[PDB]
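Enquirer: Below you'll find the structure I mean.
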Amino acid sequence: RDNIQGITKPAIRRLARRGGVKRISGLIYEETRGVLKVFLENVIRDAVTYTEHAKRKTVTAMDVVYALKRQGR
Amino acid sequence: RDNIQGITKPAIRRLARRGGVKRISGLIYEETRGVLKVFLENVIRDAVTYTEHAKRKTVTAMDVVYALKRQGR
Amino acid sequence: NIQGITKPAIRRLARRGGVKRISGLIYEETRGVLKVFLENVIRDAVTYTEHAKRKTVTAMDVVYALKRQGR
Amino acid sequence: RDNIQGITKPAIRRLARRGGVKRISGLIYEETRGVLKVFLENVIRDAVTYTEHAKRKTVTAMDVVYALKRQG
Amino acid sequence: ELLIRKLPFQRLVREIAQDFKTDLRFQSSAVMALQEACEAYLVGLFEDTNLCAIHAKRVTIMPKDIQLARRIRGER
Amino acid sequence: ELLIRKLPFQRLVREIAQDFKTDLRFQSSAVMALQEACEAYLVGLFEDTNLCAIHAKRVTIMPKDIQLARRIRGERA
Amino acid sequence: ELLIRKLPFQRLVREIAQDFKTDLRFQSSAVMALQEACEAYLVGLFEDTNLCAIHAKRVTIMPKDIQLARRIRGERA
Amino acid sequence: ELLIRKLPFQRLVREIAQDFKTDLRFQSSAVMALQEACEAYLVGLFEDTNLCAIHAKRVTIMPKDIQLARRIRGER
DNA sequence: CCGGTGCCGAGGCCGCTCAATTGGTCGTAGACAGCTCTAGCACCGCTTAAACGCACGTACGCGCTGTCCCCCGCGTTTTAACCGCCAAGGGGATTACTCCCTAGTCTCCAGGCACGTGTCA
DNA sequence: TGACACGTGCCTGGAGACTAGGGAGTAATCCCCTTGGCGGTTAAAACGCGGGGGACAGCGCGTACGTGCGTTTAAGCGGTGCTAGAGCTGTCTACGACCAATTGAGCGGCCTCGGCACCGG
């Protein structure tokens with residue numbers, strides 16, 4: 001399967017449970033996957049920029065922290 | 001005066017001439033100054049972020065180039 | 001072809017865009033603009049299809065083409 | 001001496017019209033006033049904080065702009 | 001333009017400022033900027049509560065709609 | 001909804017595709033996504049050209065308004 | 001702990017990065033931070049969309065609820 | 001070819017950077033790149049607002065033309 | 001080494017909105033003038049680009065070390081996908097209702113201004 | 001010491017509140033079919049030991065490399081007073097170019113079937 005499918009239905013269900021959601025429409029899972037992909041893309045795009053600025057080939061935790069800070073997170 | 005006034009009226013006029021503008025309303029200059037501040041702020045915000053990521057105290061040209069690229073210019 | 005995007009459809013698109021009054025010549029002009037847009041996106045889309053050696057344009061190919069034509 | 005009541009019902013209606021609202025419940029206006037007061041307090045609080053840091057006795061436009069930035 | 005009357009806003013901001021510090025005057029330009037800012041904030045919040053009302057199978061905005069909009073935005 | 005009719009847009013897309021490459025078929029979902037994207041682009045361009053027309057003290061948008069909107073946006077115009 | 005499984009999210013992040021820069025290699029701490037942040041963001045989004053669902057007197061959340069929550073919170077929707 | 005004066009723009013950059021992080025020192029090349037890019041961006045914005053002014057059968061650019069050019073380009 | 005999914009083309013129906021032609025009208029480009037504002041000439045200040053020393057914070061490159069990323073096996077492992085039954089509810093329709101939209105009138109006031117007065121770096 | 005903000009007074013149109021009218025969007029309910037939630041199951045991807053390999057992050061240090069400063073000056077550049085003219089803007093006009101509406105109908109969309117293209121378990 002495509003890697004977006006690795007965010008499984010029960011994982012999205014668990015996330016919704018933590019968010020206080022009691023009942024979940026079947027279309028939620030696909031919608032959530034799309035939203036998640038967009039979020040991830042944005043964060044990682046910034047993260048990789050930070051990685052490139054340091055002339056490193058390994059994305060570090062600090063790259064991620066700066067990406068998250070500079071986004072609404 | 002405040003530093004925003006250092007982008008003088010003849011400087012803004014010269015920029016407009018280079019931009020092909022033949023006649024300029026008197027209210028343009030203050031408006032242009034406001035616009036510049038927003039642009040600069042955004043770029044500088046990213047620039048300073050880059051500076052902080054490198055654990056440096058000197059903003060480098062590279063910080064600015066990355067900030068400018070990621071702000072679309 | 002390009003004439004299948006009819007005048008009332010273009011009018012509806014303009015209404016959705018908040019346009020209250022529409023010149024008669026816009027429609028022909030808009031059609032030209034539309035064709036250019038489509039060509040560009042499809043060109044990229046086809047490039048992705050050909051580059052991946054799949055020969056089948058996928059939904060993801062189109063999404064990537066659109067992104068790279070709006071980034 | 002409530003000054004919040006000077007923001008009259010037709011003014012709030014006009015604000016809602018500009019916001020694209022077609023129909024407005026009667027209790028919104030009182031609710032809106034409360035909301036407005038909170039916003040103002042917060043902004044003014046920051047503005048005054050900046051003013052106090054600058055030790056000035058006249059709140060300037062820049063003080064307000066900085067307050068708004070640090071609030072929005 | 002501005003949709004809120006200027007003098008009631010002056011008296012309101014004066015009463016609000018009276019609480020924190022006494023008689024720290026405002027330039028008229030600062031008052032105008034603050035009024036424009038409150039105008040923008042109120043029109044944005046009313047747009048958001050209109051979106052809420054359109055989402056709740058309604059056309060009339062209600063206090064619960066604006067409360068939900070403020071809670072979703074993160075204000076309170 | 002989709003304001004552009006499905007079958008004429010399908011025909012036009014297949015025409016331009018056959019211009020680019022032959023025997024390169026499209027899925028229904030891919031065509032639907034492309035049509036949604038093109039409709040969004042058209043309504044955005046019409047919003048921009050309506051802004052252009054309003055700026056020119058007018059209420060009726062014209063082809064030159066779309067030309068100006070596309071020149072300012074950055075497209076090949 | 002982390003609700004999302006570790007390896008699927010790791011593979012997804014590696015795929016997105018191989019799209020962006022291809023040669024990139026992730027630290028374990030970076031992937032864990034990405035996962036924690038994405039989980040917190042999704043939990044907040046689901047809480048806000050649950051508020052939107054209860055607003056319409058529906059216990060079930062809907063994709064329109066998520067669209068509204070993203071439109072109000074400032075994200076592109 | 002830098003139309004903006006170097007020292008006033010440097011002072012402005014330093015002031016704007018004081019807010020983000022205090023006691024930050026700029027390289028000369030960094031300030032040169034900032035100035036070049038800001039001048040190019042202002043030149044592009046002025047080209048667009050001149051196009052807007054010509055659109056309205058005028059030759060004098062006005063702030064409304066600048067707001068229109070910024071709104072069309074996606075900045076407002 | 002053949003197979004299920006999907007695309008293309010065709011027969012054929014309803015169906016519904018597409019083009020044209022008419023009428024109505026309107027609103028916009030051209031002409032015209034009052035106004036205003038501004039590009040430029042000319043003076044006098046000013047403050048900035050560069051050049052000396054001059055000291056100096058530190059950016060960067062190079063090297064060393066560890067150190068955790070990638071690799072696979074791999075055993076267990078446990079829970080995801082799928083299927084089927086149970087039942088909670090989304091919502092479309094229905095009926096009541098009540099309170100918010102116009103709006104003319106009586107009444108309060110925004111500010112324009114005109115003036116006098118106090119205030120602060 | 002000189003420019004900016006605060007308290008009084010009139011008044012006139014400009015706007016705010018009241019109640020008369022009402023009706024239409026909003027509130028409570030029912031059930032029909034939909035569609036999530038949950039019980040069983042098994043295996044297929046998850047997830048930690050464990051050898052193991054090492055590309056590369058992190059840190060330490062030298063060095064010169066570029067920042068900031070004291071001081072000048074001068075001279076190109078900026079703030080400004082005044083002017084002649086060129087365009088902004090408000091206005092009249094008229095007529096080509098816009099919007100609505102109905103009518104034959106021509107293509108969309110659903111319904112269904114024959115035909116193969118094709119990467120794949």
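As shown in the structure tokens, the chain order sets the letters A, B, ...; within each chain, residues go from 1, and ligands are also counted from 1 in the order they appear.
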Considering only C-alpha atoms (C1' of nucleotides), extract the chain I residues located within 10 Å of chain B and return them as number ranges by chain.
Expert: I: 37-39, 57-59
Enquirer: Find the spatial neighbours of residue 68 in chain H, counting only C-alpha atoms (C1' of nucleotides), within a cut-off of 9 Å - ignore same-chain residues fewer than 4 positions away - and output them as a PyMOL selection string.
Expert: (chain F and resi 51-52+55) or (chain H and resi 49+52+63-64+72-73+76)
Enquirer: Could you please take those selected residues and save N, CA and C atoms as a JSON list (two decimals), in the first residue's frame?
Expert:
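This went into out-v4.json:
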[["chain", "number", "residue", "atom", "x", "y", "z"],
["F", 51, "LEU", "N", -11.98, 41.93, -9.08],
["F", 51, "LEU", "CA", -11.26, 42.95, -8.33],
["F", 51, "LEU", "C", -10.65, 43.99, -9.28],
["F", 52, "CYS", "N", -10.07, 43.53, -10.39],
["F", 52, "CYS", "CA", -9.51, 44.45, -11.38],
["F", 52, "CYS", "C", -10.58, 45.39, -11.92],
["F", 55, "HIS", "N", -11.63, 47.93, -9.41],
["F", 55, "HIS", "CA", -10.60, 48.95, -9.27],
["F", 55, "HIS", "C", -10.69, 50.00, -10.37],
["H", 49, "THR", "N", 1.91, 47.99, -9.78],
["H", 49, "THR", "CA", 1.00, 49.09, -9.48],
["H", 49, "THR", "C", 0.95, 50.10, -10.62],
["H", 52, "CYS", "N", -1.50, 48.61, -12.89],
["H", 52, "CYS", "CA", -2.83, 48.89, -12.36],
["H", 52, "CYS", "C", -3.26, 50.32, -12.67],
["H", 63, "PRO", "N", -2.40, 54.68, -3.62],
["H", 63, "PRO", "CA", -2.35, 53.56, -2.67],
["H", 63, "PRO", "C", -3.35, 52.46, -2.97],
["H", 64, "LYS", "N", -4.53, 52.80, -3.51],
["H", 64, "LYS", "CA", -5.48, 51.76, -3.88],
["H", 64, "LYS", "C", -4.92, 50.85, -4.97],
["H", 72, "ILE", "N", -3.91, 40.93, -5.61],
["H", 72, "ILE", "CA", -3.91, 40.01, -6.74],
["H", 72, "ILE", "C", -2.74, 39.04, -6.64],
["H", 73, "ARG", "N", -1.59, 39.51, -6.17],
["H", 73, "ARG", "CA", -0.41, 38.67, -6.05],
["H", 73, "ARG", "C", -0.48, 37.70, -4.88],
["H", 76, "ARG", "N", -2.63, 39.96, 0.14],
["H", 76, "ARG", "CA", -3.70, 40.58, 0.93],
["H", 76, "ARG", "C", -5.02, 39.85, 0.73]]
Enquirer: So which residues touch range 2-16 of chain D within 8 Å, counting only C-alpha atoms (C1' of nucleotides), skipping near sequence neighbours fewer than 3 positions away, as a list in words?
Expert: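 Contacts, with the query itself left out: residues 19, 20, 21, 22, 24, 29, 32, 33 and 37 of chain D; 3, 4, 5, 8, 9, 11, 12, 15, 39, 42, 43, 46 and 47 of chain E; 16 of chain J.
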Enquirer: Generate the output file for the selected residues, C-alpha atoms (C1' of nucleotides), as a PDB file, in the first residue's frame.
Expert:
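And here's again.pdb as it stands now:
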ATOM      1  CA  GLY D  19     -19.170  40.179   7.945  1.00  0.00           C
ATOM      2  CA  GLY D  20     -21.727  38.682   5.566  1.00  0.00           C
ATOM      3  CA  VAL D  21     -24.387  37.899   8.185  1.00  0.00           C
ATOM      4  CA  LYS D  22     -27.963  38.034   6.916  1.00  0.00           C
ATOM      5  CA  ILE D  24     -28.906  38.236  13.713  1.00  0.00           C
ATOM      6  CA  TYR D  29     -25.519  42.263  20.665  1.00  0.00           C
ATOM      7  CA  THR D  32     -20.846  40.872  21.314  1.00  0.00           C
ATOM      8  CA  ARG D  33     -20.340  43.760  23.700  1.00  0.00           C
ATOM      9  CA  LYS D  37     -14.697  44.450  26.002  1.00  0.00           C
TER      10      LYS D  37
ATOM     11  CA  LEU E   3     -18.912  51.274  11.134  1.00  0.00           C
ATOM     12  CA  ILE E   4     -18.518  52.053  14.864  1.00  0.00           C
ATOM     13  CA  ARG E   5     -19.204  55.550  16.176  1.00  0.00           C
ATOM     14  CA  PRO E   8     -18.666  56.167  22.126  1.00  0.00           C
ATOM     15  CA  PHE E   9     -15.489  54.257  21.285  1.00  0.00           C
ATOM     16  CA  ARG E  11     -15.412  57.067  25.998  1.00  0.00           C
ATOM     17  CA  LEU E  12     -15.245  53.255  26.141  1.00  0.00           C
ATOM     18  CA  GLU E  15     -13.064  53.939  30.800  1.00  0.00           C
ATOM     19  CA  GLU E  39     -13.368  46.904  13.441  1.00  0.00           C
ATOM     20  CA  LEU E  42     -15.202  42.202  15.046  1.00  0.00           C
ATOM     21  CA  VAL E  43     -15.883  41.750  11.336  1.00  0.00           C
ATOM     22  CA  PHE E  46     -18.759  37.870  12.742  1.00  0.00           C
ATOM     23  CA  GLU E  47     -17.604  36.179   9.535  1.00  0.00           C
TER      24      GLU E  47
ATOM     25  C1'  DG J  16     -30.837  55.528  17.705  1.00  0.00           C
TER      26       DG J  16
END
Enquirer: Mind doing a quick least-squares superposition of chain H onto chain E, all C-alpha atoms paired one-to-one in order, and writing it out as a short mmCIF file (atom, residue, chain, number, x, y, z; two decimals) with N, CA, C and O atoms, in the first residue's frame?
Expert:
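Listed below is the output, superposed38.cif:
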data_model
loop_
_atom_site.label_atom_id
_atom_site.label_comp_id
_atom_site.auth_asym_id
_atom_site.auth_seq_id
_atom_site.Cartn_x
_atom_site.Cartn_y
_atom_site.Cartn_z
N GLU H 1 -14.94 54.78 6.72
CA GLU H 1 -15.35 53.38 6.63
C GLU H 1 -15.42 52.75 8.02
O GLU H 1 -15.53 51.53 8.15
N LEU H 2 -15.35 53.59 9.05
CA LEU H 2 -15.40 53.13 10.43
C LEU H 2 -16.86 53.03 10.87
O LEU H 2 -17.53 54.05 11.05
N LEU H 3 -17.35 51.80 11.03
CA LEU H 3 -18.75 51.60 11.36
C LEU H 3 -19.06 52.03 12.79
O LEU H 3 -20.12 52.59 13.06
N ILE H 4 -18.14 51.76 13.72
CA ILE H 4 -18.34 52.17 15.10
C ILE H 4 -18.20 53.69 15.20
O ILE H 4 -17.32 54.29 14.58
N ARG H 5 -19.09 54.31 15.97
CA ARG H 5 -19.03 55.75 16.16
C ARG H 5 -17.74 56.12 16.88
O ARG H 5 -17.26 55.40 17.75
N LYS H 6 -17.18 57.28 16.51
CA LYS H 6 -15.85 57.64 16.99
C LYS H 6 -15.88 58.07 18.46
O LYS H 6 -15.05 57.62 19.25
N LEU H 7 -16.83 58.93 18.84
CA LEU H 7 -16.84 59.46 20.20
C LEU H 7 -17.21 58.40 21.24
O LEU H 7 -16.56 58.35 22.30
N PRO H 8 -18.24 57.57 21.03
CA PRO H 8 -18.50 56.51 22.02
C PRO H 8 -17.36 55.53 22.18
O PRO H 8 -17.04 55.12 23.30
N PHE H 9 -16.71 55.15 21.07
CA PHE H 9 -15.57 54.24 21.18
C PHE H 9 -14.40 54.91 21.88
O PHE H 9 -13.67 54.26 22.65
N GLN H 10 -14.20 56.21 21.64
CA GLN H 10 -13.15 56.94 22.35
C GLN H 10 -13.43 56.97 23.85
O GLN H 10 -12.53 56.78 24.67
N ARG H 11 -14.69 57.22 24.22
CA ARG H 11 -15.06 57.22 25.64
C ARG H 11 -14.85 55.84 26.26
O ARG H 11 -14.36 55.73 27.39
N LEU H 12 -15.20 54.79 25.53
CA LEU H 12 -14.99 53.43 26.03
C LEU H 12 -13.51 53.14 26.23
O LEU H 12 -13.11 52.54 27.23
N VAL H 13 -12.67 53.55 25.27
CA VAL H 13 -11.23 53.34 25.39
C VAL H 13 -10.69 54.09 26.60
O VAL H 13 -9.87 53.56 27.36
N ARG H 14 -11.13 55.33 26.79
CA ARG H 14 -10.69 56.10 27.95
C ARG H 14 -11.10 55.43 29.25
O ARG H 14 -10.30 55.36 30.20
N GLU H 15 -12.33 54.92 29.32
CA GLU H 15 -12.78 54.25 30.54
C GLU H 15 -11.96 53.00 30.81
O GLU H 15 -11.55 52.75 31.95
N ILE H 16 -11.72 52.19 29.78
CA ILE H 16 -10.94 50.97 29.97
C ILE H 16 -9.51 51.30 30.36
O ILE H 16 -8.88 50.56 31.13
N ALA H 17 -8.98 52.43 29.89
CA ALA H 17 -7.62 52.82 30.25
C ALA H 17 -7.54 53.43 31.64
O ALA H 17 -6.45 53.44 32.23
N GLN H 18 -8.65 53.96 32.16
CA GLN H 18 -8.64 54.50 33.52
C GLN H 18 -8.21 53.44 34.53
O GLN H 18 -7.50 53.75 35.50
N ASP H 19 -8.64 52.19 34.33
CA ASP H 19 -8.28 51.13 35.26
C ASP H 19 -6.78 50.84 35.22
O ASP H 19 -6.14 50.69 36.27
N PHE H 20 -6.20 50.76 34.02
CA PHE H 20 -4.80 50.38 33.90
C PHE H 20 -3.88 51.48 34.41
O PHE H 20 -2.93 51.21 35.16
N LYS H 21 -4.14 52.72 34.02
CA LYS H 21 -3.34 53.84 34.51
C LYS H 21 -4.17 55.11 34.42
O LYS H 21 -4.70 55.43 33.35
N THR H 22 -4.28 55.82 35.54
CA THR H 22 -5.15 56.99 35.63
C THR H 22 -4.48 58.19 34.96
O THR H 22 -3.26 58.32 34.95
N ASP H 23 -5.32 59.07 34.41
CA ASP H 23 -4.88 60.31 33.76
C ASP H 23 -3.92 60.02 32.61
O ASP H 23 -2.82 60.56 32.52
N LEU H 24 -4.37 59.16 31.70
CA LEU H 24 -3.63 58.81 30.49
C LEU H 24 -4.35 59.39 29.28
O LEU H 24 -5.56 59.18 29.12
N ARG H 25 -3.62 60.10 28.44
CA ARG H 25 -4.17 60.80 27.29
C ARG H 25 -3.79 60.06 26.01
O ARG H 25 -2.63 59.68 25.83
N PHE H 26 -4.77 59.82 25.15
CA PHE H 26 -4.58 59.08 23.92
C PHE H 26 -4.39 60.02 22.73
O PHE H 26 -5.10 61.02 22.60
N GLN H 27 -3.44 59.68 21.87
CA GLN H 27 -3.32 60.36 20.60
C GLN H 27 -4.49 59.99 19.70
O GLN H 27 -5.08 58.91 19.82
N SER H 28 -4.84 60.90 18.79
CA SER H 28 -5.92 60.62 17.85
C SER H 28 -5.58 59.45 16.94
O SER H 28 -6.44 58.61 16.64
N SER H 29 -4.32 59.36 16.50
CA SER H 29 -3.91 58.24 15.66
C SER H 29 -3.98 56.92 16.42
O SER H 29 -4.33 55.89 15.84
N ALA H 30 -3.68 56.94 17.72
CA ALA H 30 -3.77 55.72 18.51
C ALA H 30 -5.21 55.23 18.60
O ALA H 30 -5.48 54.04 18.45
N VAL H 31 -6.15 56.15 18.84
CA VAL H 31 -7.56 55.76 18.91
C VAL H 31 -8.05 55.30 17.54
O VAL H 31 -8.85 54.36 17.44
N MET H 32 -7.58 55.94 16.47
CA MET H 32 -7.96 55.50 15.13
C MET H 32 -7.47 54.08 14.85
O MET H 32 -8.21 53.26 14.29
N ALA H 33 -6.23 53.78 15.23
CA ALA H 33 -5.70 52.44 15.04
C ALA H 33 -6.45 51.42 15.88
O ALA H 33 -6.77 50.32 15.41
N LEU H 34 -6.75 51.77 17.14
CA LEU H 34 -7.54 50.89 17.99
C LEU H 34 -8.89 50.59 17.36
O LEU H 34 -9.33 49.44 17.32
N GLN H 35 -9.57 51.63 16.86
CA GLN H 35 -10.89 51.44 16.27
C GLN H 35 -10.81 50.58 15.01
O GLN H 35 -11.62 49.67 14.83
N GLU H 36 -9.83 50.86 14.14
CA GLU H 36 -9.69 50.07 12.92
C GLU H 36 -9.43 48.60 13.23
O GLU H 36 -10.04 47.71 12.63
N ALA H 37 -8.54 48.33 14.19
CA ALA H 37 -8.21 46.95 14.51
C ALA H 37 -9.37 46.24 15.19
O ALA H 37 -9.63 45.07 14.92
N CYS H 38 -10.07 46.93 16.10
CA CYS H 38 -11.23 46.31 16.75
C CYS H 38 -12.33 46.02 15.74
O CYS H 38 -12.98 44.97 15.81
N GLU H 39 -12.53 46.92 14.77
CA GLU H 39 -13.52 46.67 13.73
C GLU H 39 -13.12 45.49 12.86
O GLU H 39 -13.96 44.66 12.51
N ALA H 40 -11.84 45.40 12.50
CA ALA H 40 -11.38 44.27 11.69
C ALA H 40 -11.54 42.96 12.45
O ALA H 40 -11.96 41.94 11.88
N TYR H 41 -11.21 42.96 13.75
CA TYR H 41 -11.34 41.75 14.55
C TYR H 41 -12.80 41.34 14.70
O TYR H 41 -13.13 40.15 14.61
N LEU H 42 -13.69 42.31 14.93
CA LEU H 42 -15.11 41.99 15.03
C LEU H 42 -15.66 41.49 13.69
O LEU H 42 -16.51 40.60 13.66
N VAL H 43 -15.18 42.05 12.58
CA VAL H 43 -15.62 41.59 11.27
C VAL H 43 -15.17 40.15 11.04
O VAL H 43 -15.93 39.32 10.54
N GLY H 44 -13.93 39.82 11.42
CA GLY H 44 -13.47 38.45 11.29
C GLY H 44 -14.25 37.49 12.17
O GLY H 44 -14.63 36.39 11.74
N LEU H 45 -14.51 37.89 13.42
CA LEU H 45 -15.28 37.05 14.32
C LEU H 45 -16.70 36.85 13.81
O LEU H 45 -17.28 35.76 13.95
N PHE H 46 -17.28 37.88 13.19
CA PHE H 46 -18.63 37.75 12.65
C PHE H 46 -18.64 36.89 11.40
O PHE H 46 -19.60 36.14 11.18
N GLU H 47 -17.60 36.96 10.57
CA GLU H 47 -17.47 36.02 9.46
C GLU H 47 -17.42 34.59 9.97
O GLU H 47 -18.11 33.70 9.44
N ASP H 48 -16.63 34.34 11.02
CA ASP H 48 -16.51 32.99 11.55
C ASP H 48 -17.83 32.51 12.16
O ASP H 48 -18.23 31.36 11.97
N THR H 49 -18.53 33.38 12.89
CA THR H 49 -19.79 32.97 13.49
C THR H 49 -20.88 32.81 12.44
O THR H 49 -21.79 31.99 12.62
N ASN H 50 -20.80 33.54 11.33
CA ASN H 50 -21.72 33.31 10.23
C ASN H 50 -21.45 31.98 9.56
O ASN H 50 -22.39 31.27 9.17
N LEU H 51 -20.17 31.61 9.42
CA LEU H 51 -19.84 30.28 8.94
C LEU H 51 -20.39 29.21 9.87
O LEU H 51 -20.93 28.19 9.41
N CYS H 52 -20.28 29.43 11.18
CA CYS H 52 -20.84 28.48 12.14
C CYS H 52 -22.36 28.38 12.01
O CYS H 52 -22.92 27.28 12.07
N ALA H 53 -23.04 29.51 11.83
CA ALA H 53 -24.49 29.50 11.70
C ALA H 53 -24.93 28.79 10.42
O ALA H 53 -25.91 28.04 10.42
N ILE H 54 -24.21 29.03 9.32
CA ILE H 54 -24.50 28.31 8.08
C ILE H 54 -24.24 26.83 8.24
O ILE H 54 -24.93 25.99 7.64
N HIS H 55 -23.25 26.47 9.07
CA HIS H 55 -22.97 25.06 9.32
C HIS H 55 -24.16 24.34 9.94
O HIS H 55 -24.46 23.20 9.58
N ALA H 56 -24.86 25.00 10.86
CA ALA H 56 -26.01 24.41 11.54
C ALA H 56 -27.31 24.62 10.77
O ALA H 56 -28.39 24.58 11.37
N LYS H 57 -27.23 24.85 9.45
CA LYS H 57 -28.40 25.05 8.60
C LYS H 57 -29.25 26.24 9.06
O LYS H 57 -30.47 26.24 8.89
N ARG H 58 -28.61 27.24 9.64
CA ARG H 58 -29.28 28.45 10.09
C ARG H 58 -28.73 29.66 9.35
O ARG H 58 -27.73 29.57 8.63
N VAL H 59 -29.39 30.80 9.55
CA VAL H 59 -28.94 32.06 8.96
C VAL H 59 -28.85 33.10 10.07
O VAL H 59 -28.30 34.19 9.86
N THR H 60 -29.38 32.77 11.24
CA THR H 60 -29.36 33.66 12.40
C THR H 60 -28.20 33.27 13.30
O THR H 60 -28.21 32.17 13.87
N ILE H 61 -27.22 34.15 13.44
CA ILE H 61 -26.12 33.88 14.36
C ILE H 61 -26.63 33.98 15.79
O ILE H 61 -27.48 34.83 16.11
N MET H 62 -26.14 33.10 16.64
CA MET H 62 -26.55 33.02 18.04
C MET H 62 -25.31 33.01 18.92
O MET H 62 -24.21 32.68 18.45
N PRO H 63 -25.45 33.40 20.19
CA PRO H 63 -24.26 33.46 21.06
C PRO H 63 -23.48 32.16 21.13
O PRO H 63 -22.26 32.19 21.26
N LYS H 64 -24.16 31.01 21.04
CA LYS H 64 -23.44 29.74 21.02
C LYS H 64 -22.53 29.63 19.81
O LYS H 64 -21.43 29.07 19.91
N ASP H 65 -22.94 30.20 18.67
CA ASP H 65 -22.07 30.21 17.50
C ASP H 65 -20.83 31.06 17.76
O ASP H 65 -19.72 30.70 17.33
N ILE H 66 -20.99 32.18 18.47
CA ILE H 66 -19.84 33.03 18.78
C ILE H 66 -18.90 32.32 19.74
O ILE H 66 -17.67 32.37 19.58
N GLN H 67 -19.45 31.64 20.75
CA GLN H 67 -18.59 30.89 21.66
C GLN H 67 -17.86 29.77 20.93
O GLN H 67 -16.68 29.51 21.21
N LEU H 68 -18.53 29.11 19.99
CA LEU H 68 -17.86 28.07 19.21
C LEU H 68 -16.73 28.66 18.36
O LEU H 68 -15.63 28.10 18.31
N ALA H 69 -17.00 29.78 17.68
CA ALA H 69 -15.98 30.40 16.85
C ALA H 69 -14.78 30.85 17.68
O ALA H 69 -13.64 30.75 17.23
N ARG H 70 -15.03 31.35 18.89
CA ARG H 70 -13.93 31.78 19.74
C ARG H 70 -13.17 30.59 20.31
O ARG H 70 -11.95 30.65 20.51
N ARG H 71 -13.87 29.49 20.59
CA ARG H 71 -13.22 28.30 21.13
C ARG H 71 -12.35 27.62 20.08
O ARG H 71 -11.29 27.07 20.40
N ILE H 72 -12.79 27.64 18.82
CA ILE H 72 -12.01 27.01 17.76
C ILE H 72 -10.77 27.83 17.43
O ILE H 72 -9.70 27.28 17.17
N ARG H 73 -10.89 29.16 17.47
CA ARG H 73 -9.77 30.04 17.16
C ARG H 73 -8.74 30.11 18.28
O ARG H 73 -7.71 30.77 18.11
N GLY H 74 -8.98 29.44 19.41
CA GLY H 74 -8.03 29.41 20.49
C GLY H 74 -8.22 30.45 21.56
O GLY H 74 -7.31 30.66 22.38
N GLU H 75 -9.38 31.12 21.60
CA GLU H 75 -9.63 32.17 22.58
C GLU H 75 -10.45 31.70 23.77
O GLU H 75 -10.60 32.46 24.73
N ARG H 76 -10.97 30.48 23.75
CA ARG H 76 -11.75 29.95 24.86
C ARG H 76 -11.40 28.49 25.14
O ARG H 76 -10.23 28.12 25.17
#
Enquirer: So how far away is CA of residue 63 in chain F from CA of residue 23 in chain C, in Å?
Expert: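 Separating CA of residue 23 in chain C from CA of residue 63 in chain F is a distance of 7.8 Å.
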Enquirer: Among chain H, which ones does DSSP assign to strand (DSSP E) (computed from the backbone)? Answer as a PyMOL selection string.
Expert: chain H and resi 25-26+60-61
Enquirer: In Å, rounded to a single decimal, give me how far CA of residue 37 in chain A is from CA of residue 62 in chain G.
Expert: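 Value for the CA of residue 62 in chain G-CA of residue 37 in chain A distance: 18.5 Å.
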